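Engineer: Let me give you the structure first, and then I'll get to my questions.
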Amino acid sequence: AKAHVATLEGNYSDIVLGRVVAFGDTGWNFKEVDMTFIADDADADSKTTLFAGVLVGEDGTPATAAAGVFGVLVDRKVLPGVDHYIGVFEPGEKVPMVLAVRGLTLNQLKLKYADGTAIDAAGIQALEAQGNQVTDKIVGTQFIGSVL
Amino acid sequence: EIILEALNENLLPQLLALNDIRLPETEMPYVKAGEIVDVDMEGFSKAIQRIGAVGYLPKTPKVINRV
Amino acid sequence: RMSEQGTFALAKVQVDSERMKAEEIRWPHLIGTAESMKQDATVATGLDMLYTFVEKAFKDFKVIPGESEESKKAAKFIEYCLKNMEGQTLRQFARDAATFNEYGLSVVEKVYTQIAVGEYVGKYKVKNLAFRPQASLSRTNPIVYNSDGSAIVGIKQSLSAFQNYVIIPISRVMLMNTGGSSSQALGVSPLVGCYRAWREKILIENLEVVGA
Amino acid sequence: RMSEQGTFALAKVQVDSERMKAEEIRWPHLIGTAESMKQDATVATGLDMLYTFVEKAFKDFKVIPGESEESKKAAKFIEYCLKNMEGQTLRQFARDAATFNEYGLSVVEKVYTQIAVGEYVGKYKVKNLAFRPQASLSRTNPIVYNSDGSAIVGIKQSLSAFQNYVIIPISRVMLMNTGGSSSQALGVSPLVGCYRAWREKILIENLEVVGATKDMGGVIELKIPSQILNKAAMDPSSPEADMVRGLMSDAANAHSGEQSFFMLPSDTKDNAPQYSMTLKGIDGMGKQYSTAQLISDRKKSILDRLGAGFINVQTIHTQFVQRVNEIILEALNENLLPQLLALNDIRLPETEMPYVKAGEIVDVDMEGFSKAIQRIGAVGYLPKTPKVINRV
Amino acid sequence: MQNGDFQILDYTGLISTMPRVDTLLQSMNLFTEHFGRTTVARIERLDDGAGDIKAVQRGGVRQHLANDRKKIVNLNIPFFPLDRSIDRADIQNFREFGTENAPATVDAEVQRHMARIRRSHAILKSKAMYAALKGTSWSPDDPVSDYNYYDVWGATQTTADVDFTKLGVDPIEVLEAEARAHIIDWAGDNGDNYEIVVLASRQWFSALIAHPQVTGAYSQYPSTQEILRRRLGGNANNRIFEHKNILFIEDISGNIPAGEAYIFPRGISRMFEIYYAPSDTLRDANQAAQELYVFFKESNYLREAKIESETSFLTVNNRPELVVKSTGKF
Amino acid sequence: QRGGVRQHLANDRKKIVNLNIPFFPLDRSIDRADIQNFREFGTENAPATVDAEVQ
């Protein structure tokens, strides 16, 4: 016998540590573009490879090089623990995604390219040019080692 | 009552302290506000008789001045 | 034992309560929203009738002395001081003090002066129970606490009130508030709650005029 | 025999009760849902009237001594201590204690201090009955139990309350709770039950406002041949454009007055006319549910839980206030007074313990009382004592 | 609790775990607390002594004395911030993870963050004292202070090494001769019978007990503190041992490198001190410092909640001379 | 360094599991013939009783 069990770990704040909140339009820090949710040539139930924290260019495609970076994907539809949008979209279908652009205190360690490669110095410069602070130090946690 | 608490407990003890009038707790004077509803002449007059006709009302100038 | 093991948390109980309010009724704005209310003919009338009886109560006040001979002399001096403020009467003080029914809060400063000639020469009267209007207070932090949120050290007044067209120690100030517990320095104005109903009441009256 | 054979199961009775609640009213959330309630003008009003009489009762309080000479001296010292807290009064304590009608729970810590100069130099007063706000408590476990769920060892306060912008032992804390048995540490707030009705009451009021705004009955509609409309759109400097711009302003200002009328061409191209002007109306039947009586039922539903339902028109409201008074007096009579006398080594028998009696919430009837004294007095059943005389 | 679409199930309970946090050094109360105002402190030293007199002829020349010595030092203090934020998405549709259907409340997350911040501050404070005892300040990634007290004051690190593989040699005969002699010759003042304490890693303490000499010492007659049949320190997690007028303690925390142990005396005045400086706030600026500051802010626009905590302190060891690095070989 | 930049805290963990339950029955009956003429074992003459077997 097997006990089908799962864990719901993960969080949203880890990708955006802080924001500059404008007393006017509170959406000043974001932009919406139409990305591809399900893989274009995959099957009908091939859940999206997109993950929160992936750099996205202004054209909407996930970034692959430092020069092609414009923002960070922080859409609610991709956050951990709420990724139930499995098979709800046709292959290659477009969908508007929320991008974080300016006025953010981001976390460096969670920024990655399309393939998962970590962000580099050129990407840091390009992303900070919009007015973003890419912090390089979050404390982290050690849960139980029997020593520390 | 809110105003009287500030008046009785914040001003009076301090005012007496400046003029070094130090008294026990039971001897502190206090300020009493007036009555917001007018006295009923019909009710009060016949209330005095009923108490007075039995003799439970003391003979003092305090009672006399109430008229 | 004889040692406190906690804090009143004045500085936290406030900061939760400012979030849980619609933004038109938080401290620096409520001063304007009160005077932009009142001009409703049902809101003015409710406040006017309340002040009618408050003034009546504090008109024929009395001082009740104790039993000893010392208390009777003290009571007479208290009555003289409360009835001889230079330019002030308890009716005016009562109708200034009762303003916490509009803003949750009221600040009065006590000033003492010496007697030159009179029945009690050499003693100290009270010159004025100086009312500090809520509108002239500090719009940022009106009330300042300890390094912790345990107690109050004083009340701040804005520097713009000293002009024509600073922190006052707590020991000199008489604070009155209503609608909240002892841990809410900025009391809950009775107009909180009414506000949503007042917003609707106004809108409907506007529709009736244009509709007719 | 002399041995317990069970447990109160405090730690289980809670954990069943948190599941059987809608999730917006479990412990760490109820603190927010209470203050996001209250801003309803029927919910505030019910709580305000309750506090009105609680403060009145604990204003003119009295301490009743025993028969022996020792008790009378103890009663006087108790009255001094309760009326001389530095910066605190029983009215403020009563209105802080009565907050369990909002959160099911109330925490007060007792602090004692020595007297420097006064009538009772050398003894111990109570400095402050320090109120611990429910919002500043621990959001995870507020109350900590034994290794078993049998009893309570203390109450935890969050570390974030010691900042500007820990476990307190149970022996130092006075706990008051309502709505539950002795096995429910976190009492049932009277707002539990009301909650579902409050959710509905609000939604209906929202529909009334938008419904009244959108009832465009009698609105003016104009029909014009599309040749004129299309010509104006492509020829801004043509006579059609001028007349169209005139209509857009004249129709907006079309009120009823001393000179209101309409004049339209009477041309006809088909069974329908070219130009027309009609006032619209609902082609059928209007709304049926009469949302007015829906709200009234829910308002009486909310106020009934607080005993203040009579505003919709000995009583129910007066009896409800007595419940809150008795809960506070039990903590005051049985947790503070015995400990306060122990510190000043005043040890008395059970029959000689003084107790505090709250005031009366209903004013005395002058007409009724005056004629009640005569009827008793005219027979001679009323003793001649200064106690009776001072009642006038 | 809901099972598959058309079935239900019973929720049972919650299980929680967290790593241990050590407080042995806090318990021993070896550090005195000072609450200053600035971020700079001064220490004054004044060392004096005497010389020897040589014989001279009568009626001729005389002999003269030398003078005293003085020194002054200054130091700085580091800073330690800690912040976090809360967003709507964290509580929008997430079940509380407690009862079956209670929605997630902001208060619960706030309490979790409070607990985590308090634990982190306690761990940092614990590590600071261990770093100080080793003779250097604790300030990772902050080369502004990095104060090495041995270099700052001028001293050297005594070793007092011990080998346990020699069953025929009692290890205590090296610890006594080296450590106690050095401590007595360097107490600085004129004292007596200073109490000696030792902190030992698990391996060192465990190996010490197994040495044949110690076992043979207590085996042949009961005495007291029965090592063979009882447990050192009772059932407490931290074992305690006392042999030859010395106190031995095991370091559960593991901060001490395995096999190493530090020997230092008790009672000496002002050997350890810790200073606290005010925070970067207008309320506390130039005021008296406090142990820890915690702040909480609820956004007035209802779309944010933030938590803030900061502290600043320095641990100073005033006498590197009286710390000996015991090292074992196995 | 004071007056510069600050740091942040990490996230949390969660897990859930599910389990089943077994079932264990036990049954037994009694008949007339089992006690009609039999004699209580261990006794000289007492006749068999129905309750003495139920217990």
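To be explicit about the labels: the chains of the structure tokens are called A, B, and onward in the order shown, and within each one the residues are counted from 1, while ligands get numbers from 1 in the order they are shown.
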Using only C-alpha atoms, I'd like a table of the residues in chain D that come within 12 Å of chain E; for each, show the closest atom pair and its distance in Å rounded to one decimal, ordered by chain and ascending number, as a tab-separated table.

Structural biologist:
residue	atom	partner	partner_atom	distance
D:11	CA	E:13	CA	11.1
D:12	CA	E:13	CA	9.9
D:14	CA	E:99	CA	10.2
D:15	CA	E:99	CA	7.3
D:16	CA	E:99	CA	8.1
D:17	CA	E:99	CA	8.6
D:18	CA	E:99	CA	5.5
D:19	CA	E:99	CA	4.3
D:20	CA	E:100	CA	7.7
D:21	CA	E:102	CA	6.6
D:22	CA	E:102	CA	5.5
D:23	CA	E:102	CA	2.5
D:24	CA	E:103	CA	5.3
D:25	CA	E:102	CA	7.0
D:26	CA	E:102	CA	5.7
D:27	CA	E:105	CA	8.5
D:28	CA	E:107	CA	5.1
D:29	CA	E:105	CA	4.4
D:30	CA	E:105	CA	8.2
D:31	CA	E:107	CA	7.9
D:32	CA	E:107	CA	8.1
D:33	CA	E:105	CA	9.5
D:36	CA	E:302	CA	11.8
D:134	CA	E:107	CA	11.2
D:135	CA	E:107	CA	8.5
D:136	CA	E:107	CA	9.8
D:137	CA	E:111	CA	9.0
D:138	CA	E:111	CA	6.2
D:139	CA	E:108	CA	4.8
D:140	CA	E:108	CA	5.6
D:141	CA	E:111	CA	9.1
D:142	CA	E:111	CA	10.1
D:156	CA	E:111	CA	11.2
D:157	CA	E:111	CA	9.8
D:158	CA	E:111	CA	6.8
D:159	CA	E:114	CA	6.1
D:160	CA	E:294	CA	5.7
D:161	CA	E:294	CA	7.8
D:162	CA	E:294	CA	6.4
D:163	CA	E:294	CA	4.3
D:164	CA	E:295	CA	5.6
D:165	CA	E:295	CA	5.8
D:166	CA	E:115	CA	10.5

Engineer: Please list as a PyMOL selection string every residue within 7 Å of residue 251 of chain E, counting only C-alpha atoms and excluding residues in the same chain fewer than 6 positions away.

Structural biologist: chain E and resi 199-202

Engineer: Can you pull out every residue from segment 159-269 of chain E that DSSP, working from the backbone, puts in helix (DSSP H, G or I), and format the result as a PyMOL selection string?

Structural biologist: chain E and resi 172-185+202-210+212-219

Engineer: May I have the residues of chain F within 9 Å of chain A, counting only C-alpha atoms, written as a tab-separated table (two decimals) with N, CA, C and O atoms, in the first residue's frame?

Structural biologist:
chain	number	residue	atom	x	y	z
F	5	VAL	N	21.32	49.26	3.76
F	5	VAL	CA	20.28	48.39	3.24
F	5	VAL	C	20.01	47.31	4.28
F	5	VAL	O	20.83	47.04	5.16
F	6	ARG	N	18.84	46.67	4.17
F	6	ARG	CA	18.39	45.70	5.15
F	6	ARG	C	18.24	44.34	4.48
F	6	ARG	O	18.40	44.20	3.26
F	7	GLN	N	17.90	43.34	5.28
F	7	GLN	CA	17.75	41.96	4.83
F	7	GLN	C	16.37	41.44	5.24
F	7	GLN	O	15.65	42.08	6.00
F	8	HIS	N	16.02	40.27	4.72
F	8	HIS	CA	14.68	39.72	4.86
F	8	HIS	C	14.73	38.29	5.38
F	8	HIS	O	15.81	37.70	5.51
F	9	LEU	N	13.56	37.75	5.68
F	9	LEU	CA	13.41	36.44	6.30
F	9	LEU	C	12.93	35.42	5.27
F	9	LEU	O	12.46	35.80	4.19
F	10	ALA	N	13.04	34.14	5.61
F	10	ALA	CA	12.71	33.07	4.67
F	10	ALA	C	11.27	32.59	4.89
F	10	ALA	O	10.52	33.09	5.73
F	11	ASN	N	10.89	31.58	4.10
F	11	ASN	CA	9.52	31.06	4.08
F	11	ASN	C	9.36	29.87	5.03
F	11	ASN	O	10.23	29.60	5.85
F	12	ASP	N	8.23	29.16	4.92
F	12	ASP	CA	7.86	28.12	5.86
F	12	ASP	C	7.63	26.82	5.10
F	12	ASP	O	7.75	26.77	3.87
F	13	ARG	N	7.31	25.76	5.85
F	13	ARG	CA	7.10	24.43	5.29
F	13	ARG	C	5.75	23.89	5.73
F	13	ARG	O	5.20	24.31	6.75
F	14	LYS	N	5.22	22.94	4.96
F	14	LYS	CA	3.95	22.30	5.27
F	14	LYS	C	3.89	20.93	4.60
F	14	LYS	O	4.50	20.73	3.55
F	15	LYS	N	3.15	20.01	5.21
F	15	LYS	CA	2.97	18.66	4.69
F	15	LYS	C	1.65	18.08	5.18
F	15	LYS	O	1.14	18.48	6.23
F	16	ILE	N	1.11	17.13	4.42
F	16	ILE	CA	-0.13	16.44	4.78
F	16	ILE	C	-0.04	14.99	4.32
F	16	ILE	O	0.70	14.66	3.39
F	17	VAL	N	-0.81	14.13	4.99
F	17	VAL	CA	-0.83	12.70	4.69
F	17	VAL	C	-2.24	12.18	4.91
F	17	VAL	O	-3.09	12.85	5.51
F	18	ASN	N	-2.50	10.96	4.42
F	18	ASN	CA	-3.81	10.34	4.52
F	18	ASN	C	-3.65	8.86	4.83
F	18	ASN	O	-2.66	8.25	4.41
F	19	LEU	N	-4.61	8.28	5.55
F	19	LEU	CA	-4.53	6.89	5.98
F	19	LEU	C	-5.92	6.27	6.03
F	19	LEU	O	-6.93	6.98	6.10

Engineer: Which neighbours of residue 200 of chain D fall inside 9 Å, counting only C-alpha atoms, when residues of the same chain fewer than 5 positions from it are skipped, and could you give them as an mmCIF file with C-alpha atoms, in the first residue's frame?

Structural biologist:
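Writing the result to part.cif gives the following:
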data_model
loop_
_atom_site.group_PDB
_atom_site.id
_atom_site.type_symbol
_atom_site.label_atom_id
_atom_site.label_comp_id
_atom_site.auth_asym_id
_atom_site.auth_seq_id
_atom_site.Cartn_x
_atom_site.Cartn_y
_atom_site.Cartn_z
ATOM 1 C CA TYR D 195 -21.847 36.648 11.259
ATOM 2 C CA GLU D 205 -28.065 47.137 1.199
ATOM 3 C CA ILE D 295 -32.996 43.938 5.839
ATOM 4 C CA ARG D 298 -31.652 40.558 9.529
#

Engineer: Quick one: pull the distance between atom CA of residue 162 of chain C and atom CA of residue 138 of chain C, Å, one decimal.

Structural biologist: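 Computing it gives 12.4 Å between the two atoms.
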
Engineer: Just the residues within 12 Å of residue 121 of chain A, please, counting only C-alpha atoms, with nothing from its chain fewer than 6 positions along; format it as number ranges by chain.

Structural biologist: A: 65-67, 108, 111, 127-128, 134, 136

Engineer: What is the atom CA of residue 222 of chain D-atom CA of residue 204 of chain C distance in Å, reported with one decimal?

Structural biologist: 27.7 Å

Engineer: Could you list, as a VMD selection string, every residue within 8 Å of residue 155 of chain D, counting only C-alpha atoms and ignoring same-chain residues fewer than 3 positions away?

Structural biologist: chain D and resid 142 to 144 167 to 170

Engineer: Would you list the contacts of residue 64 of chain A as a list in words, taking every protein, DNA or RNA residue within 12 Å and counting only C-alpha atoms, but skipping same-chain residues closer than 4 positions in sequence?

Structural biologist: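 Contacts, with the query itself left out: residues 54, 55, 56, 57, 60, 68, 69, 70, 112, 113, 114, 115, 116, 117, 118, 119, 120 and 123 of chain A.
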
Engineer: Using N, CA, C and O atoms, can you write the selected residues to a file as a compact mmCIF listing (two decimals), in the first residue's frame?

Structural biologist:
# COMPACT_ATOMS: atom_id res chain seq x y z
N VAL A 54 10.63 34.11 -13.46
CA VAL A 54 11.33 34.00 -14.73
C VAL A 54 11.32 35.35 -15.44
O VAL A 54 10.27 36.00 -15.57
N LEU A 55 12.49 35.77 -15.90
CA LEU A 55 12.61 37.05 -16.59
C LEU A 55 11.89 36.99 -17.93
O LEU A 55 11.99 36.01 -18.67
N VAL A 56 11.18 38.07 -18.24
CA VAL A 56 10.38 38.17 -19.46
C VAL A 56 10.70 39.48 -20.16
O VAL A 56 10.73 40.54 -19.53
N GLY A 57 10.93 39.40 -21.47
CA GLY A 57 11.14 40.60 -22.25
C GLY A 57 9.85 41.34 -22.51
O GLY A 57 8.74 40.85 -22.29
N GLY A 60 7.00 39.83 -24.40
CA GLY A 60 6.19 38.83 -23.74
C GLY A 60 6.80 37.45 -23.68
O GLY A 60 6.40 36.65 -22.82
N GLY A 68 17.59 40.71 -23.39
CA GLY A 68 16.18 40.52 -23.67
C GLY A 68 15.30 40.52 -22.44
O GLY A 68 14.17 40.01 -22.48
N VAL A 69 15.79 41.08 -21.34
CA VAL A 69 15.06 41.08 -20.08
C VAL A 69 14.38 42.43 -19.88
O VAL A 69 14.97 43.49 -20.10
N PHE A 70 13.12 42.38 -19.47
CA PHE A 70 12.36 43.60 -19.16
C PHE A 70 11.61 43.55 -17.84
O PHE A 70 11.28 44.61 -17.31
N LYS A 112 15.64 33.88 -12.72
CA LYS A 112 16.26 32.89 -13.59
C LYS A 112 15.77 33.09 -15.01
O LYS A 112 14.69 33.64 -15.24
N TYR A 113 16.58 32.64 -15.96
CA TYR A 113 16.23 32.74 -17.37
C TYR A 113 15.16 31.71 -17.73
O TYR A 113 14.62 31.01 -16.87
N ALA A 114 14.84 31.64 -19.02
CA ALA A 114 13.81 30.72 -19.48
C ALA A 114 14.15 29.27 -19.14
O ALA A 114 13.28 28.50 -18.73
N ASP A 115 15.42 28.90 -19.29
CA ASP A 115 15.86 27.53 -19.03
C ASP A 115 16.16 27.28 -17.55
O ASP A 115 16.53 26.15 -17.20
N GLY A 116 16.02 28.29 -16.70
CA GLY A 116 16.31 28.15 -15.28
C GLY A 116 17.67 28.67 -14.86
O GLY A 116 17.94 28.74 -13.66
N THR A 117 18.52 29.05 -15.81
CA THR A 117 19.83 29.60 -15.47
C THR A 117 19.66 30.88 -14.66
O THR A 117 18.77 31.69 -14.93
N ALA A 118 20.53 31.06 -13.67
CA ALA A 118 20.44 32.22 -12.79
C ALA A 118 20.79 33.50 -13.54
O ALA A 118 21.46 33.49 -14.58
N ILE A 119 20.32 34.62 -13.00
CA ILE A 119 20.57 35.92 -13.62
C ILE A 119 22.03 36.30 -13.44
O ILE A 119 22.67 35.95 -12.44
N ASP A 120 22.57 37.01 -14.42
CA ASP A 120 23.96 37.44 -14.42
C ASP A 120 24.07 38.94 -14.21
O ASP A 120 23.07 39.65 -14.03
N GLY A 123 22.17 41.04 -16.72
CA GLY A 123 20.76 41.03 -16.37
C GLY A 123 20.46 41.91 -15.17
O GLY A 123 19.43 42.60 -15.14

Engineer: So what do you get for atom CA of residue 43 of chain A versus atom CA of residue 96 of chain A, distance-wise?

Structural biologist: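 A separation of 21.0 Å between them.
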
Engineer: Please run DSSP on the backbone and report, as an NGL selection string, all residues within segment 119-171 of chain C that come out as strand (DSSP E).

Structural biologist: :C and (124-132 or 143-145 or 152-156 or 167-169)

Engineer: For a quick test of understanding: name the residues of chain B lying within 12 Å of chain D when counting only C-alpha atoms, and present them as a PyMOL selection string.

Structural biologist: chain B and resi 1-2+5-6+9-10+22-26+39-40+42-58+63

Engineer: Keeping C-alpha atoms, export the residues of the selection given above as a CSV table (one decimal), in the first residue's frame.

Structural biologist:
chain,number,residue,atom,x,y,z
B,1,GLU,CA,-19.3,61.5,34.0
B,2,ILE,CA,-16.3,61.5,31.7
B,5,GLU,CA,-13.6,62.3,36.3
B,6,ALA,CA,-11.0,64.6,34.7
B,9,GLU,CA,-9.2,63.4,39.7
B,10,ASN,CA,-6.8,65.5,37.7
B,22,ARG,CA,-3.2,67.7,52.3
B,23,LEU,CA,-6.2,65.7,53.4
B,24,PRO,CA,-7.1,62.1,53.9
B,25,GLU,CA,-9.0,60.2,51.2
B,26,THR,CA,-12.4,60.4,53.0
B,39,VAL,CA,-38.1,68.9,39.0
B,40,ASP,CA,-41.8,68.1,38.9
B,42,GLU,CA,-46.7,68.2,41.4
B,43,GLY,CA,-44.7,65.1,42.1
B,44,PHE,CA,-42.2,66.7,44.5
B,45,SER,CA,-44.8,68.6,46.6
B,46,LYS,CA,-46.9,65.5,47.3
B,47,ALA,CA,-43.7,63.5,47.9
B,48,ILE,CA,-42.7,65.8,50.8
B,49,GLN,CA,-46.1,65.4,52.4
B,50,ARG,CA,-46.0,61.6,52.4
B,51,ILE,CA,-42.6,61.5,54.0
B,52,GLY,CA,-43.4,64.5,56.2
B,53,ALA,CA,-46.7,63.2,57.5
B,54,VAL,CA,-44.8,60.3,59.1
B,55,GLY,CA,-41.8,62.2,60.4
B,56,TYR,CA,-39.0,60.7,58.4
B,57,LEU,CA,-37.9,64.1,57.0
B,58,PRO,CA,-35.3,65.9,59.2
B,63,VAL,CA,-34.8,70.9,53.4

Engineer: Contacts between chain E and chain C, please, where a residue of chain C counts if it comes within 12 Å (with only C-alpha atoms); show its shortest atom pair and distance in Å to one decimal, rows by chain and ascending number, as a tab-separated table.

Structural biologist:
residue	atom	partner	partner_atom	distance
C:9	CA	E:295	CA	11.6
C:11	CA	E:296	CA	9.4
C:12	CA	E:296	CA	7.5
C:13	CA	E:296	CA	10.8
C:14	CA	E:298	CA	10.0
C:15	CA	E:298	CA	6.3
C:16	CA	E:298	CA	6.3
C:17	CA	E:298	CA	9.0
C:18	CA	E:300	CA	6.5
C:19	CA	E:300	CA	4.8
C:20	CA	E:302	CA	7.6
C:21	CA	E:300	CA	8.1
C:22	CA	E:301	CA	8.4
C:23	CA	E:300	CA	6.8
C:24	CA	E:300	CA	10.4
C:25	CA	E:300	CA	10.6
C:26	CA	E:300	CA	8.1
C:27	CA	E:300	CA	10.6
C:28	CA	E:300	CA	11.5
C:29	CA	E:300	CA	11.8
C:144	CA	E:283	CA	9.5
C:145	CA	E:283	CA	9.3
C:146	CA	E:283	CA	8.5
C:147	CA	E:283	CA	6.5
C:148	CA	E:293	CA	8.7
C:149	CA	E:295	CA	10.2

Engineer: When you look at segment 257-262 of chain D with a cut-off of 12 Å (counting only C-alpha atoms), what residues show up, excluding the ones that are within fewer than 5 positions of it in the same chain? I need them as a PDB file with N, CA and C atoms, in the first residue's frame.

Structural biologist:
ATOM      1  N   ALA C 212     -37.253  64.481  -9.866  1.00  0.00           N
ATOM      2  CA  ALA C 212     -38.484  65.261  -9.927  1.00  0.00           C
ATOM      3  C   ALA C 212     -38.420  66.310 -11.031  1.00  0.00           C
TER       4      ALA C 212
ATOM      5  N   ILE D 220     -35.501  59.688 -21.897  1.00  0.00           N
ATOM      6  CA  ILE D 220     -35.836  60.215 -23.215  1.00  0.00           C
ATOM      7  C   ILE D 220     -35.032  59.471 -24.268  1.00  0.00           C
ATOM      8  N   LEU D 222     -34.482  59.307 -28.576  1.00  0.00           N
ATOM      9  CA  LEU D 222     -34.687  60.004 -29.836  1.00  0.00           C
ATOM     10  C   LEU D 222     -34.252  59.112 -30.990  1.00  0.00           C
ATOM     11  N   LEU D 247     -28.277  68.981 -30.848  1.00  0.00           N
ATOM     12  CA  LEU D 247     -29.092  67.979 -30.168  1.00  0.00           C
ATOM     13  C   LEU D 247     -28.378  67.410 -28.950  1.00  0.00           C
ATOM     14  N   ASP D 250     -28.857  70.151 -26.305  1.00  0.00           N
ATOM     15  CA  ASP D 250     -30.246  70.467 -25.983  1.00  0.00           C
ATOM     16  C   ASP D 250     -30.921  69.313 -25.253  1.00  0.00           C
ATOM     17  N   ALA D 251     -30.650  68.078 -25.684  1.00  0.00           N
ATOM     18  CA  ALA D 251     -31.290  66.922 -25.061  1.00  0.00           C
ATOM     19  C   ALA D 251     -30.813  66.716 -23.630  1.00  0.00           C
ATOM     20  N   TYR D 275     -38.919  60.146 -37.729  1.00  0.00           N
ATOM     21  CA  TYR D 275     -38.550  60.819 -36.493  1.00  0.00           C
ATOM     22  C   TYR D 275     -39.578  60.504 -35.416  1.00  0.00           C
ATOM     23  N   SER D 276     -39.102  60.291 -34.191  1.00  0.00           N
ATOM     24  CA  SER D 276     -39.995  59.973 -33.086  1.00  0.00           C
ATOM     25  C   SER D 276     -39.327  60.352 -31.772  1.00  0.00           C
ATOM     26  N   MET D 277     -40.152  60.490 -30.740  1.00  0.00           N
ATOM     27  CA  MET D 277     -39.692  60.767 -29.386  1.00  0.00           C
ATOM     28  C   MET D 277     -40.643  60.096 -28.414  1.00  0.00           C
ATOM     29  N   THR D 278     -40.133  59.135 -27.645  1.00  0.00           N
ATOM     30  CA  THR D 278     -40.943  58.432 -26.661  1.00  0.00           C
ATOM     31  C   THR D 278     -40.180  58.356 -25.349  1.00  0.00           C
TER      32      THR D 278
END
